[PDB]
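Reviewing the structure listed below.
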Amino acid sequence: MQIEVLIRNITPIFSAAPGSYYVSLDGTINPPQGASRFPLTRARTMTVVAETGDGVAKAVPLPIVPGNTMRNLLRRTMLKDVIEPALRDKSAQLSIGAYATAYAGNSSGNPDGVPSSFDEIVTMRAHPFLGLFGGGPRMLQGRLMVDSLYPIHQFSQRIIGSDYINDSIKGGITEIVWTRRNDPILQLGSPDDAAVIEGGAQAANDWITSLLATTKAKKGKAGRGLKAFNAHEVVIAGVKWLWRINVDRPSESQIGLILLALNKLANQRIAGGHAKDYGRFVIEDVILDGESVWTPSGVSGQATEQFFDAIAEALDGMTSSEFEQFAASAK
Amino acid sequence: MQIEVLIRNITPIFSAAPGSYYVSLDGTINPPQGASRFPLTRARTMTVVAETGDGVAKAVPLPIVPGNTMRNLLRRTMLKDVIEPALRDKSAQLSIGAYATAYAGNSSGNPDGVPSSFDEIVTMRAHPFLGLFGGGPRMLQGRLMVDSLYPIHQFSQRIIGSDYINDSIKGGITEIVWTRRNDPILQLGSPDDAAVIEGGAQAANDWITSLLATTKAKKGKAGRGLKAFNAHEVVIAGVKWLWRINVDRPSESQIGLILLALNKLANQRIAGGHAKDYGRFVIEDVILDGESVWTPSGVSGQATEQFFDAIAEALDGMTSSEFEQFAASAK
Amino acid sequence: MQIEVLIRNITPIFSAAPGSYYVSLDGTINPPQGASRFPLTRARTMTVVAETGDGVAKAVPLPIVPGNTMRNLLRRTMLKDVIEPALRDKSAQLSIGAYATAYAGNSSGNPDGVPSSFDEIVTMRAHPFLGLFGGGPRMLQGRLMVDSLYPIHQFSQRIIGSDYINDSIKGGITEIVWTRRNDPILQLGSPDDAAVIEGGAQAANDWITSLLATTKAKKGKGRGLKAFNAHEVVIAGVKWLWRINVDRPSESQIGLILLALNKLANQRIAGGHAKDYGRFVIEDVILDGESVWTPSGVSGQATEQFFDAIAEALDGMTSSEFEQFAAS
Amino acid sequence: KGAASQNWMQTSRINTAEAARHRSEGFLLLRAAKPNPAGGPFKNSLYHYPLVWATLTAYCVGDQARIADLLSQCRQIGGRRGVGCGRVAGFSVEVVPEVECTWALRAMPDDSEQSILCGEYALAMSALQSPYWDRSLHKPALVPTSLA
Amino acid sequence: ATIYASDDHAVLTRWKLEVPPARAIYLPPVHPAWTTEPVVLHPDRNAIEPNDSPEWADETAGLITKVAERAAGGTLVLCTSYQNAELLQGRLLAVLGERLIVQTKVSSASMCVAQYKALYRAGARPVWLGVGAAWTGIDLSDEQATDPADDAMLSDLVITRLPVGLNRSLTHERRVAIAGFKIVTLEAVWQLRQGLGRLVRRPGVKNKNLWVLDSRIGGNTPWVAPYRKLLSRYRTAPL
DNA sequence: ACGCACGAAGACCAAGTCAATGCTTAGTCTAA
DNA sequence: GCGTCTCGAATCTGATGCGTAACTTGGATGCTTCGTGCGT
């Protein structure tokens, strides 16, 4: 079963790319050593094959959101908005290991390494939530095939198909934002501002003297002070994205659970940048097996009615015993 | 919890984009090398995707105010209008480290590498101020999502929605302001004017001769004197701005503190241009989860009484102990 | 009978290479001891000779999908898409020996080793499915010889040929994707979050204290959930060529191969089920130099006989044939 | 060898979840509760074999036309042909002087004449006629040490 | 004449001229004995990189001047572009004088080849500084002298560059993007073989000479290996 | 009522490695 | 019913700091026999 979710992000999406990168004030990535360099945390880009009008296929970077990150986003959304409220309605309690395995797939870093019984495998893979993700101390193959977030771009036309060409964007979709941290003591201007500081004038004098001595020592040499000026690279707002979700022989309960997650997904955010309000997005269209099942209210209609009824029944019958059995270590 | 603030700037807003850009005397940005290359400090712009009426996704720049700047502005407003008066009345003095952590999110540039205990997290996330603004030696996620100050422009319609079409502005909202610095000694042209400078006219003549020699040497070659002629680019005054503040699962006291800040936010400036009285703004309307809670006096009404009450008792019971605990190093 | 399948992968293809290989944050494979090292699971690379950089011959690694993986994928596709529904329609049931033979060719059902008469060999090697994939206690020679999934790359010219030069990729086609696992307990922020936990705040406090003590002990000299690492995958969009040959095929066997190719797009290639790796779309299927891939799958006037033969075989197929093949 | 030998890894496993589903639905008649990856029907196995790029040269006495005709239908060399190992790009059959290298580099019978043997010949157990993997046909034979 | 390469096996032909993979059939290469044997290559290599520097032009001009003095009869100097020829013709004209004749934007095989043929028959020992056009098509066989072994109208010929990247078609850019720097090297091998096609156009030629002028062939850089293989088919001059 | 399920058990020494690929420069006119 | 002269010029042409920090730094499996007892 194929689910295609069309996402337009209201605010810029910022997924940190691991590794140190540097940029000059002009905007040149990895500047020559002569010029001044500043630390930069680039948006994650996965190399993809893009075809051009010349017919040549070349490898170009493409700013995307990792499949693992937003898989975890979907899992957290389901747990917070569907599963946990259902458990709390009936006053069901999960152990710390059960909660850890439900939210991360494992109770610890060491897997059991003991095979699971066939009936247990069938029961867990029939669970509305555990069946999708699996995991556990004994590796169970989940049913949820979830893909990364590819922006609808000329570079991703080969990947996402040619049926979304009407929403493609030609130019680059990445922009760099500069951030600064200021020492608060350097903005004091009167004893009234320093009246709340214990010691006041003496404390501010000691702080400023220590800062000046540290800066002079660092300059002559050629802890860390509060002053900092760096940049982080983000994907520009307003760009459309395509999310593809596949489920391996889904039961009606799991389909209903995924649809409820898609309904409640807009309240969450895609990537990092909590302070800067990054990752905010709005879902434009959801495609279920080549059919659009999205209304302004959300996922609705008689086509999705049976999925909603099945997931509601499963939630009514949902208990903590399944999770406790799933997360119980075989050792 | 979604808060939308409609801000109109009385005076031009000047948030400087880092980088050295040059402008010719006729207003052309980055002119050919043949013409003059006066320095320019451009306003910071974020590229956004907008429709030009044809439905095409065009990436165009938009003069905005950084979200981090607005976040720090809100932090400073709350501290200097609410938290500081509350702590002062009880004779409670924050330590220098606590002061730095409150005003900058950290007391130093080296965060602790150990996570904080759950009791500390629960206590801090429930605090009226520290809960909204995370940070500290132990990386703690705050409850505040501060967005950039997007102007209501035709290019920002896709980003901020179609709710504020009546306040949209079509043409460019950016202008260049020319700044010049004069050498006082050159303008000094009276014996009474030089009657204050020690050495009389001799010192002024030495200054002028030194300036002549320096400019002759620099012209022949093809320090720096006081004479200067620059330009800084600012956002024109009178445009409306949309500010979005999102808070995840807030207590009553935290929302009360945010509303108290919004009441006294207009007295502060947006960003930069202190000497030229830049950054002045007036709050037009405040939207609280889709409801207008802005009165001509300020944030008031029957709906928001409980928030103000709760923040009142929170301030009454507030002390410096939690600030000291938050800013204390764990190593 | 030669089958040439042109495969373009929509999503990256991840075939894990055996071994514990490390990588640094900057992307240096096997970094020196000076910098930090993180575990890496590289893609399956085969050493091939090629004319790289105008050289006479260079042994450069080529990221491929192992041929055994492709064989097992084809077998699973046949089983899960045509064979199993056909047997279910007859309400057929298979013993453990027959099922093991059918799904992996494992001789565990009758490890004694059974002789096969010439008539039995003739009848069984003509089976539409079990003939292609020999095995079981009898352990015949299968008629299917599937090649590895060699990418259409500059280094694979002497393995693929020059017929598909237009789709070749000059540069490298491998990319490193970084994964991370976070401890959910450290992300709790309010008693409402800890309400579902039976121990409430006390359980989370004990968990965090145990984590801190374990971390301190490990720094001074039980593994927590937190983990950071990366795995190397082949970039998406690269075209691949799959070569399949069936030795002395009957009409039924070719029909089954065509049906599997029709249903092959629904399956995945190699690993990465969690991240939806290996998704691919068939671009062209060539039968003995004749293109057969229509936009509606494998079809045409030259393959109706194969489809009719395989449909007739599916109509009369029974579990007794599988039992006889597996000597059960 | 045109390149260093590569140790190729292959496995074998029955999908445990798929088998569990079939067991539930009655497709599989298994009463056992658990799979055993160490051995039995659901054993996971790990094996290796080396892969080499080489030019295959050998010497023989016979008809050039018939040998070339027989080798024309040969497509793969060595083994593991089901997974496509050892495709033939081409072949050549040439008449060469006897002094180059003899046909003796093979498993010769125990009492073979010394004069016709090229190099050192160690005594070992191997079959003299194809098939060479049949252990019932194995006999003590002189196997070239510089070729094994 | 340049269909099959040393190792490409006419793949470049099948790609440049799109042919169905099954419809194309290759053929064995052939070459008469009188095409490779009756010529020897002098080891007088070039000592400077074939750039546009005046000093390189001076040294090349001196080398080809001593060659022309040693030349048995009419000779051809293969110049890739007008830039190199114009930089080179000035030094030659001092010694050779009227003996040197060069193409222009207008001067081409319309009348220059006929003039060279007439002057060679006149015994002037003319020197033809070919530029691009003379690399292909023009005939240097003494057809009137029906021995046929005269080997005097093109007794000697000298190459100034490999050349490198002579083809500037956008299709060539597409091919080099798809396949890499390998395709341009073998295309230049094709061009070099094509230039050697001017040497012989009649059977039974008996004695000619060749000069190579490029420091790259002497610099032992890896990418000129196909040129080394191609010129290795020809015996060197035993100097 | 022979077939299949299912734990206990019994061999038990133990290293050194972890890149495999870089490479240049302007003539054609012979279809609208 | 135009009317033409003049129909600019010199000079400024940016300065200074900041120019990262902490943590993850894998984990598990790839064997059959034998005894005893279910058991369908």
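Labels used: A, B, ... for chains in the order of the structure tokens, numbers from 1 for residues in each chain, and numbers from 1 for ligands as shown.
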
With a distance threshold of 8 Å and counting only C-alpha atoms, extract the residues of chain C near chain A and express them as an MDAnalysis selection string. chainID C and resid 10:11 25:27 166:171 173 175 177:179 181:185 196:199 203:204 222:226 235:238 273:277

Would you output that residue set with C-alpha atoms, as a short mmCIF file (atom, residue, chain, number, x, y, z; two decimals), in the first residue's frame?
data_model
loop_
_atom_site.label_atom_id
_atom_site.label_comp_id
_atom_site.auth_asym_id
_atom_site.auth_seq_id
_atom_site.Cartn_x
_atom_site.Cartn_y
_atom_site.Cartn_z
CA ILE C 10 13.80 5.39 -7.15
CA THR C 11 15.27 5.10 -3.65
CA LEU C 25 32.28 13.13 10.86
CA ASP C 26 33.93 14.83 7.89
CA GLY C 27 33.39 11.68 5.81
CA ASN C 166 23.94 6.69 -22.79
CA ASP C 167 22.88 6.04 -19.19
CA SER C 168 26.33 5.65 -17.63
CA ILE C 169 27.48 7.68 -14.62
CA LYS C 170 31.04 8.97 -14.54
CA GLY C 171 31.59 9.89 -10.90
CA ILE C 173 27.59 6.78 -6.84
CA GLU C 175 26.76 8.41 -0.32
CA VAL C 177 23.68 8.52 5.43
CA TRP C 178 24.03 9.11 9.17
CA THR C 179 21.64 7.51 11.66
CA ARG C 181 19.14 6.69 18.21
CA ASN C 182 17.98 8.80 21.15
CA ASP C 183 17.01 7.74 24.65
CA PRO C 184 13.28 8.56 24.97
CA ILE C 185 13.56 9.08 28.73
CA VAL C 196 1.86 6.78 30.94
CA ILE C 197 4.98 5.40 32.65
CA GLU C 198 3.99 3.25 35.63
CA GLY C 199 6.78 4.59 37.83
CA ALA C 203 11.18 5.56 37.23
CA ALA C 204 12.55 8.27 34.94
CA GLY C 222 25.58 -2.51 29.88
CA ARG C 223 24.98 -0.28 26.85
CA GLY C 224 22.52 2.59 26.69
CA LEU C 225 20.11 3.37 23.89
CA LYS C 226 21.95 6.44 22.60
CA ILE C 235 22.76 7.13 -4.59
CA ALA C 236 19.24 7.10 -5.98
CA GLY C 237 18.47 7.45 -9.68
CA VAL C 238 21.34 5.32 -10.99
CA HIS C 273 13.15 -2.02 4.75
CA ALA C 274 12.87 0.52 7.57
CA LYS C 275 14.11 3.41 5.42
CA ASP C 276 12.30 2.21 2.27
CA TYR C 277 15.57 1.49 0.50
#

Taking only C-alpha atoms (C1' of nucleotides) into account, find every residue of chain C that has an atom no more than 8 Å from chain G, and write it out as a PyMOL selection string. chain C and resi 36-39+226-229

What does the file look like for those residues with C-alpha atoms, as a JSON list (two decimals), in the first residue's frame?
[["chain", "number", "residue", "atom", "x", "y", "z"],
["C", 36, "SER", "CA", 36.74, 10.29, 16.38],
["C", 37, "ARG", "CA", 35.51, 7.12, 14.66],
["C", 38, "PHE", "CA", 31.94, 6.02, 14.03],
["C", 39, "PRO", "CA", 30.83, 2.60, 12.76],
["C", 226, "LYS", "CA", 21.95, 6.44, 22.60],
["C", 227, "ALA", "CA", 23.92, 5.65, 19.45],
["C", 228, "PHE", "CA", 25.32, 7.59, 16.49],
["C", 229, "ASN", "CA", 26.57, 5.95, 13.30]]

Kindly assemble as a Markdown table a list of the chain F residues that lie within 8 Å of range 158-179 of chain E, each paired with its nearest atom pair and their distance in Å to one decimal, using only C-alpha atoms (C1' of nucleotides), sorted first by chain and then by ascending residue number.
| residue | atom | partner | partner_atom | distance |
| --- | --- | --- | --- | --- |
| F:24 | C1' | E:164 | CA | 6.0 |
| F:25 | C1' | E:165 | CA | 6.1 |
| F:26 | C1' | E:166 | CA | 7.2 |

Filtering to C-alpha atoms (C1' of nucleotides), could you give me those residues as a PDB file, in the first residue's frame?
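Generated output (out.pdb):
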ATOM      1  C1'  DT F  24      42.886  19.356 -22.634  1.00  0.00           C
ATOM      2  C1'  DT F  25      41.865  23.594 -25.381  1.00  0.00           C
ATOM      3  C1'  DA F  26      39.234  26.472 -31.623  1.00  0.00           C
TER       4       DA F  26
END

Give me every strand (DSSP E) residue in chain D, going by DSSP on the backbone, as a PyMOL selection string. chain D and resi 6-12+28-29+45-51+108-109+121-126+139-144

Using only C-alpha atoms (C1' of nucleotides), determine which residues lie at most 12 Å from residue 271 in chain B, disregarding the query and same-chain residues fewer than 6 positions distant; provide the list as a compact mmCIF listing (two decimals) with N, CA, C and O atoms, in the first residue's frame.
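Now in selection_0.txt:
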# COMPACT_ATOMS: atom_id res chain seq x y z
N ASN B 9 5.92 49.11 11.96
CA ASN B 9 7.09 49.87 12.39
C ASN B 9 6.87 51.35 12.10
O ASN B 9 6.62 51.74 10.95
N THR B 11 9.24 53.74 12.68
CA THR B 11 10.51 54.15 12.10
C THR B 11 11.10 53.00 11.29
O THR B 11 10.74 51.84 11.49
N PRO B 12 12.01 53.29 10.36
CA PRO B 12 12.60 52.22 9.56
C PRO B 12 13.31 51.19 10.42
O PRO B 12 13.93 51.52 11.44
N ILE B 13 13.21 49.93 10.01
CA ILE B 13 13.85 48.82 10.71
C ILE B 13 15.13 48.47 9.97
O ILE B 13 15.13 48.26 8.75
N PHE B 14 16.24 48.40 10.71
CA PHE B 14 17.56 48.18 10.14
C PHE B 14 18.20 46.97 10.81
O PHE B 14 18.80 47.09 11.88
N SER B 15 18.06 45.81 10.18
CA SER B 15 18.76 44.60 10.59
C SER B 15 19.81 44.31 9.53
O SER B 15 19.47 43.97 8.39
N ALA B 16 21.08 44.43 9.90
CA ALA B 16 22.16 44.42 8.92
C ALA B 16 22.57 43.00 8.58
O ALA B 16 22.84 42.19 9.47
N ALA B 17 22.61 42.70 7.29
CA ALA B 17 23.12 41.41 6.84
C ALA B 17 24.64 41.42 6.87
O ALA B 17 25.26 42.32 6.30
N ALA B 43 20.16 45.25 4.28
CA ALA B 43 19.23 44.64 5.22
C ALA B 43 19.17 43.14 5.00
O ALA B 43 19.23 42.66 3.86
N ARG B 44 19.06 42.38 6.09
CA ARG B 44 19.06 40.93 5.99
C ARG B 44 17.77 40.44 5.35
O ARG B 44 16.67 40.84 5.76
N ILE B 64 13.49 40.72 6.02
CA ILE B 64 12.88 40.26 7.26
C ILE B 64 13.77 40.67 8.43
O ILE B 64 14.84 41.25 8.26
N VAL B 65 13.29 40.35 9.63
CA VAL B 65 14.05 40.52 10.86
C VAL B 65 14.31 39.12 11.41
O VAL B 65 13.38 38.32 11.48
N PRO B 66 15.55 38.79 11.79
CA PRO B 66 15.85 37.40 12.18
C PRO B 66 14.98 36.94 13.34
O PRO B 66 14.68 37.71 14.25
N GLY B 67 14.59 35.67 13.29
CA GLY B 67 13.81 35.11 14.38
C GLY B 67 14.56 35.10 15.69
O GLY B 67 13.97 35.28 16.76
N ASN B 68 15.88 34.88 15.63
CA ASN B 68 16.68 34.91 16.84
C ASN B 68 16.67 36.30 17.46
O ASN B 68 16.65 36.44 18.69
N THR B 69 16.69 37.34 16.63
CA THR B 69 16.63 38.70 17.15
C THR B 69 15.31 38.95 17.88
O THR B 69 15.30 39.54 18.96
N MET B 70 14.20 38.49 17.30
CA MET B 70 12.91 38.64 17.97
C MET B 70 12.85 37.83 19.26
O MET B 70 12.28 38.28 20.26
N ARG B 71 13.44 36.64 19.26
CA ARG B 71 13.46 35.82 20.46
C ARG B 71 14.23 36.51 21.58
O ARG B 71 13.77 36.57 22.73
N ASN B 72 15.40 37.07 21.25
CA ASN B 72 16.16 37.79 22.26
C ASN B 72 15.46 39.07 22.69
O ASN B 72 15.57 39.46 23.85
N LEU B 73 14.75 39.72 21.77
CA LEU B 73 13.97 40.90 22.14
C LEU B 73 12.89 40.54 23.16
O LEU B 73 12.69 41.26 24.14
N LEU B 74 12.19 39.43 22.93
CA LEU B 74 11.17 39.00 23.88
C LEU B 74 11.79 38.62 25.22
O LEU B 74 11.23 38.93 26.28
N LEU B 149 10.34 37.87 11.79
CA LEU B 149 9.36 38.93 11.59
C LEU B 149 9.16 39.12 10.09
O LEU B 149 9.81 39.95 9.45
N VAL B 234 17.84 50.03 4.64
CA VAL B 234 16.85 49.82 5.69
C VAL B 234 15.50 49.49 5.06
O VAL B 234 15.24 49.80 3.90
N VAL B 235 14.65 48.85 5.85
CA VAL B 235 13.28 48.59 5.45
C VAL B 235 12.45 49.85 5.71
O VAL B 235 12.54 50.44 6.79
N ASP B 277 17.36 56.03 15.89
CA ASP B 277 16.00 55.73 16.35
C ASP B 277 15.30 54.73 15.42
O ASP B 277 14.12 54.87 15.11
N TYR B 278 16.04 53.72 14.99
CA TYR B 278 15.49 52.66 14.17
C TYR B 278 14.88 51.58 15.05
O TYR B 278 15.26 51.40 16.21
N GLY B 279 13.92 50.85 14.48
CA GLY B 279 13.31 49.73 15.16
C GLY B 279 12.06 50.03 15.95
O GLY B 279 11.52 49.13 16.59
N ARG B 280 11.58 51.27 15.93
CA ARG B 280 10.35 51.60 16.64
C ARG B 280 9.17 50.94 15.96
O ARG B 280 9.08 50.90 14.73
N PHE B 281 8.24 50.42 16.76
CA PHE B 281 7.10 49.69 16.23
C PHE B 281 5.93 49.83 17.19
O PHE B 281 6.09 50.16 18.37

Spatial neighbours of range 206-217 of chain A, max dist 12 Å, only C-alpha atoms (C1' of nucleotides), sep filter under 3 positions, as an MDAnalysis selection string: (chainID A and resid 183:188 197 199:203 220:227) or (chainID B and resid 95:97 99:100 107:108) or (chainID G and resid 17:18)

Output as a list in words the set of chain G residues within 12 Å of chain D, with distances taken over only C-alpha atoms (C1' of nucleotides).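 Output check: residues 28, 29, 30, 31, 32, 33, 39 and 40 of chain G.
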
Could you pull out the helix (DSSP H, G or I) residues of range 21-266 of chain A, going by DSSP on the backbone, and write them as a PyMOL selection string? chain A and resi 67-89+96-104+118-125+130-133+154-160+165-167+184-187+193-195+201-221+252-266

For residue 59 in chain C: contacts at 12 Å, only C-alpha atoms (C1' of nucleotides), fewer than 6 positions along chain excluded, given as a VMD selection string: (chain C and resid 45 to 53 155 to 156) or (chain D and resid 1 to 6 52 to 53) or (chain F and resid 19 to 21)

Please find the residues of chain F near chain D - the criterion being any atom within 10 Å, counting only C-alpha atoms (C1' of nucleotides) - and write them as a VMD selection string. chain F and resid 4 to 6

Resulting file, chosen residues, N, CA and C atoms (P, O5', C5', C4', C3', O3' and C1' of nucleotides), as a short mmCIF file (atom, residue, chain, number, x, y, z; two decimals), in the first residue's frame:
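This is the output file again29.cif:
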data_model
loop_
_atom_site.label_atom_id
_atom_site.label_comp_id
_atom_site.auth_asym_id
_atom_site.auth_seq_id
_atom_site.Cartn_x
_atom_site.Cartn_y
_atom_site.Cartn_z
P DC F 4 8.00 -35.95 11.56
"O5'" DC F 4 7.84 -34.64 12.46
"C5'" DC F 4 6.57 -34.36 13.06
"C4'" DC F 4 6.75 -33.78 14.45
"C3'" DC F 4 7.89 -32.76 14.56
"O3'" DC F 4 7.39 -31.53 15.01
"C1'" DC F 4 7.94 -34.31 16.36
P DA F 5 8.34 -30.25 15.18
"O5'" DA F 5 7.95 -29.73 16.63
"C5'" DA F 5 7.37 -30.63 17.55
"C4'" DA F 5 7.24 -29.99 18.91
"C3'" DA F 5 8.15 -28.80 19.14
"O3'" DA F 5 7.65 -28.05 20.25
"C1'" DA F 5 9.00 -30.73 20.25
P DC F 6 8.31 -26.66 20.69
"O5'" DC F 6 9.49 -27.09 21.68
"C5'" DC F 6 9.18 -27.71 22.92
"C4'" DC F 6 10.43 -27.86 23.77
"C3'" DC F 6 11.54 -26.85 23.49
"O3'" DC F 6 12.21 -26.54 24.69
"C1'" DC F 6 12.38 -28.99 23.20
#

Computed gap from CA of residue 197 in chain E to CA of residue 39 in chain E is 12.7 Å

Give me, as a list in words, all polymer residues having an atom no more than 9 Å from residue 35 in chain D, counting only C-alpha atoms (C1' of nucleotides) and skipping those fewer than 5 positions away in the same chain.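 With the cut-off at 9 Å, the set is residues 115, 116, 117 and 118 of chain A; 16, 40, 41, 42 and 43 of chain D.
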
I need the chosen residues saved as an mmCIF file, in the first residue's frame, with N, CA, C and O atoms.
data_model
loop_
_atom_site.group_PDB
_atom_site.id
_atom_site.type_symbol
_atom_site.label_atom_id
_atom_site.label_comp_id
_atom_site.auth_asym_id
_atom_site.auth_seq_id
_atom_site.Cartn_x
_atom_site.Cartn_y
_atom_site.Cartn_z
ATOM 1 N N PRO A 115 15.592 -16.131 18.982
ATOM 2 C CA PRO A 115 14.462 -16.049 18.051
ATOM 3 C C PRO A 115 13.129 -16.004 18.780
ATOM 4 O O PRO A 115 12.971 -16.553 19.873
ATOM 5 N N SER A 116 12.165 -15.333 18.160
ATOM 6 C CA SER A 116 10.822 -15.222 18.707
ATOM 7 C C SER A 116 9.951 -16.371 18.219
ATOM 8 O O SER A 116 10.173 -16.932 17.142
ATOM 9 N N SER A 117 8.954 -16.718 19.022
ATOM 10 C CA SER A 117 8.013 -17.753 18.627
ATOM 11 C C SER A 117 7.113 -17.248 17.505
ATOM 12 O O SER A 117 6.880 -16.047 17.359
ATOM 13 N N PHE A 118 6.608 -18.187 16.703
ATOM 14 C CA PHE A 118 5.821 -17.814 15.531
ATOM 15 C C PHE A 118 4.542 -17.087 15.924
ATOM 16 O O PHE A 118 4.175 -16.081 15.303
ATOM 17 N N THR D 16 11.657 -15.346 8.482
ATOM 18 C CA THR D 16 10.950 -15.898 9.631
ATOM 19 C C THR D 16 9.547 -15.325 9.765
ATOM 20 O O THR D 16 8.618 -16.053 10.124
ATOM 21 N N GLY D 40 18.614 -26.701 11.242
ATOM 22 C CA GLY D 40 17.254 -27.088 10.966
ATOM 23 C C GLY D 40 16.698 -26.368 9.756
ATOM 24 O O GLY D 40 17.437 -25.785 8.960
ATOM 25 N N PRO D 41 15.375 -26.404 9.593
ATOM 26 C CA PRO D 41 14.771 -25.788 8.400
ATOM 27 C C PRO D 41 15.047 -24.305 8.271
ATOM 28 O O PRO D 41 15.202 -23.809 7.149
ATOM 29 N N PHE D 42 15.119 -23.578 9.383
ATOM 30 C CA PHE D 42 15.306 -22.134 9.365
ATOM 31 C C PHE D 42 16.724 -21.728 9.752
ATOM 32 O O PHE D 42 16.918 -20.693 10.395
ATOM 33 N N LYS D 43 17.720 -22.526 9.377
ATOM 34 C CA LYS D 43 19.099 -22.220 9.726
ATOM 35 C C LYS D 43 19.624 -21.079 8.869
ATOM 36 O O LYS D 43 19.460 -21.082 7.646
#

Name all residues at most 9 Å from residue 141 in chain C (count only C-alpha atoms (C1' of nucleotides); drop same-chain ones fewer than 3 positions away) and give them as a ChimeraX atom specification. /C:125,131-135,144 /D:82

Those selected residues, please, written with N, CA and C atoms and delivered as an mmCIF file, in the first residue's frame.
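After the write, out32.cif holds the following:
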data_model
loop_
_atom_site.group_PDB
_atom_site.id
_atom_site.type_symbol
_atom_site.label_atom_id
_atom_site.label_comp_id
_atom_site.auth_asym_id
_atom_site.auth_seq_id
_atom_site.Cartn_x
_atom_site.Cartn_y
_atom_site.Cartn_z
ATOM 1 N N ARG C 125 12.222 -31.271 -13.457
ATOM 2 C CA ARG C 125 12.927 -30.134 -14.032
ATOM 3 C C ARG C 125 12.045 -29.348 -14.989
ATOM 4 N N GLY C 131 11.578 -26.211 -11.093
ATOM 5 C CA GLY C 131 12.611 -26.475 -12.078
ATOM 6 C C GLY C 131 13.605 -25.336 -12.195
ATOM 7 N N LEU C 132 13.112 -24.094 -12.154
ATOM 8 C CA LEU C 132 13.999 -22.941 -12.254
ATOM 9 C C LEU C 132 14.960 -22.879 -11.076
ATOM 10 N N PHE C 133 14.458 -23.117 -9.872
ATOM 11 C CA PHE C 133 15.256 -23.072 -8.653
ATOM 12 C C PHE C 133 15.406 -24.504 -8.154
ATOM 13 N N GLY C 134 16.478 -25.163 -8.574
ATOM 14 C CA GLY C 134 16.759 -26.488 -8.063
ATOM 15 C C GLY C 134 17.060 -26.465 -6.578
ATOM 16 N N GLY C 135 17.018 -27.637 -5.973
ATOM 17 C CA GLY C 135 17.328 -27.761 -4.567
ATOM 18 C C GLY C 135 16.500 -28.858 -3.930
ATOM 19 N N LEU C 144 17.821 -21.665 -13.963
ATOM 20 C CA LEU C 144 17.918 -20.215 -13.879
ATOM 21 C C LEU C 144 19.342 -19.813 -13.525
ATOM 22 N N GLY D 82 24.963 -20.306 -11.228
ATOM 23 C CA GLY D 82 23.596 -19.874 -11.000
ATOM 24 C C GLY D 82 23.493 -18.410 -10.625
#

For residue 6 in chain B, the closest of B:329, B:236, B:194, B:164 counting only C-alpha atoms is B:164
